[PDB]
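# Notes for the structure review
If you want the building blocks of each chain, they are given just below.
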Protein chains: 2
Amino acid sequence: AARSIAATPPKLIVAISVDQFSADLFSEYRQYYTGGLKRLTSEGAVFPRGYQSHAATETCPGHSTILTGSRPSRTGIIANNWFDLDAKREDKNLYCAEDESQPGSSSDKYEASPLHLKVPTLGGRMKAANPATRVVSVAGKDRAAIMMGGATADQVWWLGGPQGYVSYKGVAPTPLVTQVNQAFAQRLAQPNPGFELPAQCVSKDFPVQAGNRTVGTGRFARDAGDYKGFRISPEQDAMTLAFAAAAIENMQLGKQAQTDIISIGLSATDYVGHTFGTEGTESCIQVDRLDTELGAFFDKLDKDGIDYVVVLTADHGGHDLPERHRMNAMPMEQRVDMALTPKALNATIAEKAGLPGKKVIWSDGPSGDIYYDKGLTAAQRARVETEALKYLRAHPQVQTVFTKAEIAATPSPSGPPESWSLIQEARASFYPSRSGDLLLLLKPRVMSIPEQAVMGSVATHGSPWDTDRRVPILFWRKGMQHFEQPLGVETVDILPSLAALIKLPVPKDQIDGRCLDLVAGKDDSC
Amino acid sequence: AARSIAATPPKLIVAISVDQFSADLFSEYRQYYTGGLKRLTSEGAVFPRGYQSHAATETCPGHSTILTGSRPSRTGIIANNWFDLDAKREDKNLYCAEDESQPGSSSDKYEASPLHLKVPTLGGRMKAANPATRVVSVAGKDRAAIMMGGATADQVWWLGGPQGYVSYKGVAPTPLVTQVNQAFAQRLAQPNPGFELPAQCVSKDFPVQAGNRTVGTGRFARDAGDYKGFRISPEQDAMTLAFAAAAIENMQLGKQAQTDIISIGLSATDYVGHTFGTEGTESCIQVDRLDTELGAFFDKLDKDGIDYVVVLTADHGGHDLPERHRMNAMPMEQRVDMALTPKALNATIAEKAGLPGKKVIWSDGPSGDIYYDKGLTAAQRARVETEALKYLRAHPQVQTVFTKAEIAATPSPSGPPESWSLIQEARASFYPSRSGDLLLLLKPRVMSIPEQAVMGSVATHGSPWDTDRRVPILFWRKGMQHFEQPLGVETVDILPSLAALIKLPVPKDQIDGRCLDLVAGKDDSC
Ligand SMILES: [Ca+2]
Ligand SMILES: [Ca+2]
Ligand SMILES: [Zn+2]
Ligand SMILES: [Zn+2]
Ligand SMILES: [Zn+2]
Ligand SMILES: [Zn+2]
């Protein structure tokens, strides 16, 4: 049994990103794991304080770091959406994982593509070193699959809707995929009675009102054919893992001479967290199912005799809805002023700049990147920068605003990510040609979803604060020596850590991360 | 069974401080608790990210916050030792828990006293409101017992050495105490074979060299009569808990009309952490024994039918020795330059100020408070401040140095403790008449114990960084509703939280902490 994680190159790397699986949520339920998460935390190399270190704590930037060893300042994936005011097409909003150069495309109707990603992934690097490498990537969300797989992946599949898993335009379903989609279709057509509460979820079972919604007691009961219900539930993760297992077996991943790699993006935790917040029965059930399904997944790989190493992490952390925080000893938790949402803020700034009724800024939400309209004249732009800063810095819920020049002037951060300044975090997701003219950051404990009568999502991530940056990073291979390392590491450290195990050279000057030693005690895998 | 923590006033408050039980160490072993810590974490109000929020993360300042609702800036307990250069006696170094006005006293031979503590404790406040209140405080260290009990406590006992538990000068052992000390004497006179490793400790069993010492594989085997061995082991915590249980029963605490309070300072985790670091078999065994002994302690109270509420926390966090960190993926971990220790630094600064061979500064260690010698003339003092700052700020291991005026100019901090600036942390343990003229803070991951041939302690706390500030805070009462709140709270919040349960008014302007709601969901104990 006892065997060093670096004894020989693993034959399969399994990289799992659990979307919105924050270190807080991970740590809370840690004492109840009995399945796959138990395996990882009791036997693996455990870094409970990993960091998606940059400020833009969203899915695309986060997934772009996991298998690239690169911060969003290098991957170019600085948000889920960014503005290119010089874009040919009408819609200046660009989706992180689209090819906007395609005719008749818009951010609402896009063609999936890894074109925006500026660097190779680990799979891309492995394939460059050895053409026989298979690189597979499956996920619940296109952006997760696409950013982990990279431009040279062999198979990139994601959940497209009620039809099941799909890929890039032109890519026909393989027999495995049609079989998976048949099973998915059969599961979807059946009602789901829901889940009774795990023992640990009983305490979380109370209703919380937020606008017209009540959350906190959901059990994922759903009607037949309810695709939205299926998506926002543990069912989609179970299906994604079954798909991954089927692909692993069908392609004989890890059964050939070279090392293969499969990346797996489990999206459910994130839909659940947005829809219900993170401390109710919904997230609790979801994490317990995650533990159980991961256990079954690992058991199947074991039974197949595959020599695999697993890394499991998240694309970012998350934060509970203010309404429940206020019931659980956090009375200062609040929702962002509606005055800071795109329409309102532009109108306000216009009127302050003396350009009332005009369009002087573009923004995507009540925080993050803000862009000055290109039409503005030099003097107009100057009045906009002055007035925007003056108004924002005076707002009670605003922590700070950085100018583009201030961020650019900041050196790429180094040292412990848990103690970075806000501008260092900003610099880590700064890419001059895509980033805003200003960066707006809200105070801690301000949720960037305004209070509304009719609400959709009640909770979100995307802030520069610790809840949203901190994520677990867990490495495991059969027989290795467990250790726990509570000091801060970055998700950009993942690539060089894995590369060391398979003796794949990676030029240090092409990445941001550093190699994490995965061998407890004297010997060093780096 | 089901019953709100605020349904009625508890009859007994049990406050437990586990010395150096950092949130990191607490979180690491959380999945293995089966005893008293399991009870607290699965059934209680769990705040896994509590903060000893100030910069001076030492035992005395930490214990001074737990039952006072007050930061060290208000308690006046700003360190374990501070200089009073105007003191009458020769030794200008004052111990936090002594009365230096006593003749022939020195910091090496002092008379224990709570005189330095500027504010009442919860016990003191309860007794002020109701004279029938019993206030008891027992600990492994005098400073823990003294600071949690306060000046009006009925019984304050601490481990004095091979003779067992002692109190203030003049206080005779009671029959209970002589009985406890008899049992302790019997335990001490027996060899201890040591402990075999709990399953979770097996992975930690490898040797680590630090100077002339090897740590990482200890099992607490000890010879008969080895008091040092007894002190640096789980044995002392077992004895302290048995003493507490015996006192509770003997005095019928919680069995009368009024609420009584007992504070318990379990010191072993801290001795073990200093002596061996925090990630080896020694700390692992110690935490497992802690869990088991706490379980037996709570079971005895339950069997006695006592209506008690428990709060459990730590006086500060802690940090592993650099030598093991470097083996476990933290290669940048290092020991502080010897040049920064008291003797050396003074000599250096003297020579830079043009007062070579003189005594221009006083300091206690390679970080923290520095004091200018009173003998210095205005101009001399000015050259010292200039040269000290210049030299320190240039040193590669120094994060920053604050002047006294800079800290004084800082308002008492508010808002989330996890995101305070360093000067805010400094302000939180700043007390003008006791604090230094300068405050020296080392960079993250610099251990403030220099590398030496012959070493004693290999690891310590006392830094302004997150490992040393972050501590668990756990509240429990039979039948309450469990909840977990991962956002940052302060240990100064403990007093008003407990006071709310027993309907004891506490003027907000006399404390720094705020009341934490301990009732999950809609109802609020505050
Ligand atoms: Ca409540
Ligand atoms: Ca090693
Ligand atoms: Zn995400
Ligand atoms: Zn999300
Ligand atoms: Zn201590
Ligand atoms: Zn200590």
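Calculation notes
- These residue numbers run from 1 along each chain by written sequence and may not equal the entry numbers. Residues without coordinates are not shown.
- As a convention, the first chain written is A and the first ligand written is 1, with the rest following in written order.
- Calculated side-chain values reflect all of the structure's heavy atoms, with hydrogen atoms and water omitted.
- The copies are each rotated and translated onto one another by least squares, with the C-alpha atoms as the fitted set.
- An axis is simply a line fitted to the C-alpha atoms; with a helix, the fit covers only the stretch in contact. Between two such axes, the angle follows the N-to-C directions and lies from 0 to 180 degrees.
- Working definition: helices are DSSP H or I runs of at least four residues, strands are E runs of at least two. Numbering for both runs from the N terminus.
- Roughly parallel means an angle under 35 degrees; roughly antiparallel, over 145; roughly perpendicular, 65 to 115; everything else is oblique.
- The contact definition used throughout considers only heavy atoms, calling two residues in contact when any of these lie within 4.5 Å.
- In this classification, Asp, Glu, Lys and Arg are treated as charged, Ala, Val, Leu, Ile, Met, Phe, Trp, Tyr, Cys and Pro as nonpolar, and every other residue, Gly included, as polar.
- Water is absent from the atoms considered, so a metal site may look incomplete; donors are defined as N, O and S atoms within 2.8 Å of the metal, or 3.2 Å for Na, K and Ca.
- Each residue is placed in one exposure class: buried if its accessible area under a 1.4 Å probe, protein chains only, is under 20% of its type's maximum, exposed if it is over 50%, and partly exposed if it falls in between.
- If DSSP finds at least two bridges between two strands, the strands pair.
- What qualifies as a polar contact is a pair of N or O atoms within 3.5 Å, subject to a donor-acceptor requirement within protein and to the restriction that residues adjacent in sequence count only when both atoms come from side chains.
- Domain start and end points were adopted from an automatic or database domain assignment.
- Two parts placed together each lose some accessible area; with a 1.4 Å probe, that loss summed over both constitutes the buried area.
- The working definition used for a salt bridge is a side-chain nitrogen of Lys or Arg within 4 Å of a carboxyl oxygen of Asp or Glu.
- UniProt positions are given in the numbering used here, feature names are shortened, and annotations may be inferred rather than shown by experiment.
- One fewer than the residue count of a helix, multiplied by 1.5 Å, yields its expected span.

Method of determination, as given in the entry header: X-ray crystallography; reported resolution: 1.9530 Å.

## Some points on the relation of the copies chain A and chain B
Once turned by 180 degrees and shifted 0.0 Å along the axis, chain A lies on chain B with an RMSD of 0.0 Å. The operation mapping one copy onto its partner corresponds to a two-fold rotation axis. Distance from the rotation axis, computed per C-alpha, reaches its smallest value in chain A at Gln 31 of chain A: 1.9 Å.

## Details of the packing of helix α9 (residues 234–250) of chain A against helix α11 (residues 281–303) of chain A
Residue and element names in this part refer to chain A. Look at α9 against α11: their axes get within 10 Å of each other, and the N-to-C directions meet at 10 degrees. Judged by the inter-axis angle, α9 sits roughly parallel to α11. On α11, the residues touching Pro 234, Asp 237, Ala 238, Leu 241, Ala 244, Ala 245, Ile 248 and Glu 249 of α9 are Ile 285, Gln 286, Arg 289, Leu 290, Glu 293, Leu 294, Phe 297, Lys 300 and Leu 301. Counted by class, the contact of α9 with α11 contains 11 nonpolar, 1 polar and 5 charged residues.

## Some details on the coordination of the calcium ion (ligand 1)
As a benchmark, a tetrahedral metal site with four donors has ideal angles of 109.5 degrees, while an octahedral site with six donors has ideal angles of 90 or 180 degrees. Around the calcium ion (ligand 1), the protein contributes the donor atoms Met 327 of chain A (O), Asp 517 of chain B (OD), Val 519 of chain B (O), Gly 521 of chain B (O) and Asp 523 of chain B (O), at 2.4 to 2.5 Å from the metal centre. Taking the relative accessible area as the measure of exposure, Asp 523 of chain B reaches 58% and is therefore exposed.

## What about the sheet that holds strand β14 (residues 368–372) of chain A?
Residues and elements named next belong to chain A. Pairing is antiparallel across the open sheet formed by 4 strands, whose spatial order is β13-β14-β16-β15. Looking at the sheet topology across the chains shown, the edges are occupied by β13 (361–363) and β15 (398–403). Direction aside, neighbouring strands of the sheet carry axes that sit 25 degrees apart on average. Where β15 and strand β16 (residues 438–442) come together, 5 bridges link them in antiparallel fashion. For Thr 403, the partnering residue across the bridge sits in β16 and is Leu 438. Along the sheet face, helix α14 (residues 378–394) touches β13, β14, β15 and β16 and points at about 160 degrees away from the line of β15.

## Focus: the side chain of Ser 113 of chain A
Residues and elements named next belong to chain A. Topologically, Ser 113 is positioned in the loop between β4 (93–95) and α5 (122–129). Here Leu 115 takes part through its backbone nitrogen, which lies 2.9 Å from a polar atom of the side chain of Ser 113. Apart from the residues lying within four places of it in its own chain, the contact partners of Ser 113 are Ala 97, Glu 98, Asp 99, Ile 146 and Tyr 168.

## Here we look at unusual backbone geometry
All names here are of chain A. In this structure, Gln 20 takes a positive phi of about 65 degrees despite not being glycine. Mapping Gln 20 onto the fold places it in the loop between β1 (12–18) and α1 (23–29). Backbone geometry at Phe 220 places phi at a positive 65 degrees, although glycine is not the residue there. The residue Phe 220 is located in the loop between β9 (213–215) and α8 (227–231) in this model.

## A look at the domain arrangement of chain A
Residues and elements named next belong to chain A. Domains assigned within chain A are domain 1 (1–327 + 454–525) and domain 2 (328–453). The interface of domain 1 with domain 2 comprises 51 residues on the first partner and 42 residues on the second. Buried area between domain 1 and domain 2, summed over both chains or domains, comes out near 3800 Å², and the portion from carbon and sulfur atoms is 57%. The largest share of the area that domain 1 buries against domain 2 comes from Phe 83, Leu 85 and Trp 465, three residues that together contribute 19% of it. Where domain 1 packs against domain 2, one counts 2 salt bridges. Here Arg 335 and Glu 323 are joined by a salt bridge, their closest N and O atoms 2.8 Å apart. Contributing elements (two or more residues each) for the side of domain 1 that touches domain 2: β2 (45–51), α4 (72–75), β3 (81–83), α12 (322–325) and β20 (489–490). Grouping the constituent residues of the side of domain 1 that touches domain 2 by class yields 22 nonpolar, 16 polar and 13 charged.

## Things to note about the UniProt feature "active site" in chain A
Per the UniProt entry, the sites bearing "active site" are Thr 59 of chain A in this numbering. The residues touching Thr 59 of chain A, leaving out its near neighbours within four places in the chain, are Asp 19, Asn 80, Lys 141, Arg 143, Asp 315, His 316 and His 461 of chain A.

## Structural notes on helix α9 (residues 234–250) of chain B
Residue and element names in this part refer to chain B. Between its first and last C-alpha atoms α9 spans 24 Å; for 17 residues at 1.5 Å apiece the expected length is 24 Å, and the two agree. Burial analysis of α9 places 13 of its 17 residues in the buried class, the great majority of the element. Two to three positions downstream of the cap, the backbone nitrogen of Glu 235 sits 3.1 Å from a side-chain oxygen, assigning the N-cap of α9 to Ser 233.

## Remarks on the interface of chain A and chain B
Each side of the interface is counted separately: chain A has 50 residues, and chain B has 50 residues. Summing both sides of the interface, chain A and chain B together bury roughly 4000 Å²; the carbon and sulfur share of this comes to 53%. Our count for the chain A to chain B interface comes out at 4 salt bridges. A salt bridge links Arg 445 of chain A to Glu 418 of chain B; the nearest nitrogen and oxygen atoms lie 3.1 Å apart. The tally of links from chain A across to chain B stands at 20 residue pairs in polar contact. Mapped by element, the contributors of at least two residues to the side of chain A that touches chain B are α1, α2 (36–43), β2, α17 (466–469) and β19 (483–484) of chain A. Among the elements that line the side of chain A that touches chain B, the one with the most residues is α1 of chain A, at 3 residues. When grouped by side-chain class, the residues that make up the side of chain A that touches chain B number 20 nonpolar, 15 polar and 15 charged.

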